[PDB]
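The structure appears right after this line, and notes come after that.
Read the numbers this way: they start at 1 and go in the same order the structure lists the ligands and their atoms. Throughout, numbering of the chain's residues begins at 1 and tracks the sequence. FYI, side chains are in, hydrogens and waters are out, and symmetry mates aren't considered; it's all heavy atoms of this structure.
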Amino acid sequence: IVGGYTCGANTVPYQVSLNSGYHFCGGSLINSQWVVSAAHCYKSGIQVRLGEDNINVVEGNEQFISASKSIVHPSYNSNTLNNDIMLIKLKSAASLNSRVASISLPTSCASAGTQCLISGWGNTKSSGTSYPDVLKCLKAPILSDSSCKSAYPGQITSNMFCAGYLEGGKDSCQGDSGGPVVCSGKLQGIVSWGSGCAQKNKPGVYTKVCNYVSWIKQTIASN
Ligand SMILES: Cc1cc(Br)c([O-])c(-c2nc3cc(C(N)=[NH2+])ccc3[nH]2)c1
Ligand SMILES: [Ca+2]
């Protein structure tokens, strides 16, 4: 997260860190046994770390559970990143409480101007890699579709939305992929891509979760 602030330990209880011997992506806990992340974060050998704040120190509240299966959306296209969503079932249910809790899925899509909270342990530099030890937060508004399409002509599908600042300086970045974009207490986006990080006129692009709610519910139901 570039231009963000330290969230404060366990202030984002649904945030998860996907770990394969190092933190590589974020994710959101939607129920005690399932996490939603981005399909481009897929890999085998994933350990889900819940209740985390400092990813390099065990401080208490952490729960490490291995993933039982990861279901990448069947229509995920790695060249366009259309349908960039993935579900991970945990080997055992997490214990929920106030430090580890699920986030609700939306009932409607959000409109441009809605302010959201994006969080993650991704890069905090737009020029260079500086990964933090504690969770960073950023408040960003969803942008209108014309500003999003004028920024990435021909690369935005109806399953994506832009959120951020066209003046640059504040944005999500590598390491934040798979993480949550929460607006009014609902998970509305998943950190997906962008050109560079916090660059002028190049906002972050997020998976539009309201378009996948029936899919998420049907898939969790049949698995
Ligand atoms: C080289 C590389 C590899 C991976 Br894997 C990424 O997810 C990314 C990446 N760039 C990103 C840029 C943004 C942004 N909001 N500007 C968000 C996620 C990103 N993820 C970059
Ligand atoms: Ca820790």
Side-chain angles (χ1 to χ4, degrees), residues 1-4 6-13 15-20 22-28 37-43 46-65 72 76 78-81 84-86 99-100 116-143 147-148 151-152 155-156 160-181 188-208:
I1 296 289
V2 180
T6 299
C7 307
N10 309 92
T11 48
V12 189
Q15 172 78 239
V16 319
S17 163
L18 291 193
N19 186 287
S20 59
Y22 53 106
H23 167 80
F24 65 94
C25 276
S28 297
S37 184
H40 80 261
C41 288
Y42 173 86
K43 64 167 63 176
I46 292 178
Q47 182 179 59
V48 180
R49 295 183 172 208
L50 303 90
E52 281 282 14
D53 186 44
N54 180 321
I55 52 167
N56 287 313
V57 180
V58 175
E59 299 178 312
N61 299 308
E62 298 92 345
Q63 290 177 47
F64 293 174
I65 308 185
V72 161
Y76 165 58
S78 51
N79 297 291
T80 62
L81 287 190
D84 191 11
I85 182 168
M86 163 179 78
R99 276 74 93 236
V100 178
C116 306
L117 180 74
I118 308 179
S119 49
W121 289 277
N123 187 13
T124 52
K125 296 174 64 57
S126 37
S127 317
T129 46
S130 194
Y131 289 90
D133 290 313
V134 300
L135 188 67
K136 301 287 176 178
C137 279
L138 175 72
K139 277 289 191 176
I142 290 182
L143 305 184
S147 298
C148 194
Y152 298 111
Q155 309 153 62
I156 305 295
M160 310 176 184
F161 65 85
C162 289
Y165 303 87
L166 303 176
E167 62 267 38
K170 305 187 190 68
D171 191 8
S172 52
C173 199
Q174 194 181 331
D176 290 322
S177 284
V181 177
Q188 294 287 174
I190 297 164
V191 185
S192 186
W193 58 279
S195 185
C197 298
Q199 297 308 314
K200 186 179 173 295
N201 299 141
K202 294 293 179 182
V205 188
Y206 304 89
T207 300
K208 194 171 188 176

In ligand 1, which numbered atoms sit nearer than 4.0 Å to a non-hydrogen atom of [X]?
X	result
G204	15 (N)
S177	7 (O), 18 (C), 19 (C), 20 (N)
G196	12 (C), 14 (C), 16 (N)

Worksheet entry | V57 O and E52 OE1 subtending at the Ca ion (ligand 2) (10° steps) |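 Vertex the Ca ion (ligand 2), arms to OE1 of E52 and O of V57: 160°.
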
Discussion item. Quick test: of every protein heavy atom, which one is nearest to atom 21 (C) of ligand 1, and how far off is it to 0.1 Å?
Written reply: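 The closest heavy atom on the protein side is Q174 OE1, 3.4 Å.
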
Discussion item. For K43, I'd like to know if atom NZ has over 12 heavy atoms of other residues, nucleotides or ligands within 6.0 Å.
Written reply: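 Yes, enclosed.
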
Is there an N/O/S atom in [X] that lies less than 3.0 Å from the Ca ion (ligand 2)?
X	value
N56	no
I55	no
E62	yes

Geometric N/O contact [X] with ligand 1, under 3.5 angstrom:
X	answer
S192	no
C197	no
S195	no
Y206	no

Worksheet entry | Rounded distance [0.5 Å steps], CG in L138 versus CD1 in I118 |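 So the gap between those two atoms works out to 5.0 Å.
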
Worksheet item: If you measure from SG on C7 to CD1 on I1, what distance do you get to the nearest 0.5 Å?
Response: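 Going from the SG atom of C7 to the CD1 atom of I1 covers 8.0 Å.
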
Item to complete: Quick one: do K136 and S119 satisfy side chain to side chain donor-acceptor pair (under 3.5 Å)? Show the steps, please.
Response: CA-CA 5 Å; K136 301 287 176 178; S119 49; over 6 Å; no

Fill in: Given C116, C148, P203, the one that forms side chain to side chain contact (heavy atoms under 4.5 Å, CB included) with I142
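Of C116, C148, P203, side chain to side chain contact (heavy atoms under 4.5 Å, CB included) with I142 is met by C116 alone.
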
Worksheet item: Is it the side chain, the backbone, both or neither of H40 that has a heavy atom closer than 4.0 Å to ligand 1?
Response: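 The side chain, only.
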
